[PDB]
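>>> model this:
(one chain, ligands or ions: 2)
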Amino acid sequence: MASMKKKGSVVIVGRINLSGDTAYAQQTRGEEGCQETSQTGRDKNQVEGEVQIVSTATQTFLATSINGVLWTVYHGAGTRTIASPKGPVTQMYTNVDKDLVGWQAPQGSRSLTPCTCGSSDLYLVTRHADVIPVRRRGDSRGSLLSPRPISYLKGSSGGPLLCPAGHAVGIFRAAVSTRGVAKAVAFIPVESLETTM
Ligand SMILES: COC(=O)N[C@H](C(=O)N[C@H]1CCCCC/C=C\[C@@H]2C[C@@]2(C(=O)NS(=O)(=O)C2(C)CC2)NC(=O)[C@@H]2C[C@@H](Oc3nc4cc(OC)ccc4nc3C)CN2C1=O)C1CCCCC1
Ligand SMILES: [Zn+2]
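Numbers count the residues shown, from 1 in each chain. Ligands and ions are numbered 1, 2, ... in the order given. I have put the structure below:
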């Protein structure tokens, strides 16, 4: 009871810059600063962009702002709070059946617009700033035009799938693996997010 620990907050440690003509990852906080920020829940670093790199004490993945909400996967964030300038912020969306959670998008971040193009030529943004062409194959599945080992997708859950116009189409959730090669991906449709809201 007196010994009972508390799980830490999710911490933004970087972002995927998509504003220029070349996408690249940027780190905003190191391991030591991340661990301390996770314990206190107070992150006073300025936030920028749409795709954040987030970390727990044991895991690192991505979070994407869509319509004023920072979305990520439940299997990464759990029910954890996210660190903010004023302290830990409680999740405003939690859906384990969709593998989806969400916080209020932090001040300074920019949001992606939900896609209404109905296009199936998608692009997956990974934590290493790779922009992978993906063809939509269903409501929540897509095939990589160039298959590659799952290692390249590890840590990219919560990242966006974009349409040709840059709209958000879904949130990267899982990789369909065949002998270690990711030929397909599963994602949370943007409409499923829009519903939850
Ligand atoms: C042939 O068999 C199969 O391949 N079958 C696959 C198949 O299972 N693949 C595996 C291959 C892993 C190996 C690495 C994959 C690489 C990248 C992957 C993008 C990422 C990712 O990056 N994570 S991460 O690194 O950021 C991390 C762990 C946060 C820090 N997702 C990812 O790792 C997924 C997490 C697990 O899945 C789910 N956990 C939960 C848990 C919940 O409460 C706790 C509630 C809902 C929920 N919902 C899931 C679908 C395993 N994950 C897979 O992707 C399909 C089968 C059909 C439906 C979906 C899964
Ligand atoms: Zn679109």
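
>>> for residue 37, helix, strand, or coil?
Following DSSP: H, G, I helix; E, B strand; the rest coil, the label given to residue 37 is helix.

>>> doesn't residue 29 make contact with it?
Yes: Residue 37 is within contact range of residue 29, at 6.8 Å (criterion: Cβ atoms under 8 Å). Backbone N, C-alpha and C define where each C-beta goes, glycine included.

>>> joint contacts of these two?
Common neighbours of residue 37 and residue 29, using Cβ atoms under 8 Å, 6 or more residues apart in numbering, are 11, 43.

>>> those two: which is more packed in?
residue 37 (22 against 19; other Cβ atoms under 10 Å).

>>> can you pull the contacts of the more buried one?
By Cβ under 8 Å, 6+ apart, the neighbours of residue 37 are 9, 11, 29, 43, 83.

>>> next one: residue 152
By Cβ under 8 Å, 6+ apart, residue 152 lies in contact with 126, 128, 130, 182.

>>> residue 78 too?
Residue 78 neighbours (Cβ under 8 Å, 6+ apart): 7, 101.

>>> how about the helices in this structure?
31-40, 74-77, 190-196 (DSSP state H).

>>> tell me which of the ones you listed is the most buried.
Greatest average neighbour count among the helices of the chain goes to helix 74-77 (a mean of 22), per mean count of other Cβ atoms under 10 Å.

>>> with only the CA atoms kept, save that helix in CSV.
Taking C-alpha atoms only, helix 74-77 is exported to CSV below (Å, rounded to 0.1, in the frame of the first residue of the first chain):
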residue,chain,number,x,y,z
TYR,A,74,-3.5,1.4,-26.6
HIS,A,75,-0.8,-1.4,-26.7
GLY,A,76,1.8,1.3,-26.3
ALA,A,77,0.3,4.0,-24.1
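
>>> residue 84 bridge partners, please.
For residue 84, the beta-bridge partners under DSSP bridges are residue 42.

>>> test my guess that it contacts residue 47.
No: using Cβ under 8 Å, residue 84 makes no contact with residue 47, being 9.2 Å away.

>>> which residues do the two both contact?
Both residue 84 and residue 47 are contacted by residue 106, under the criterion Cβ under 8 Å, 6+ apart.
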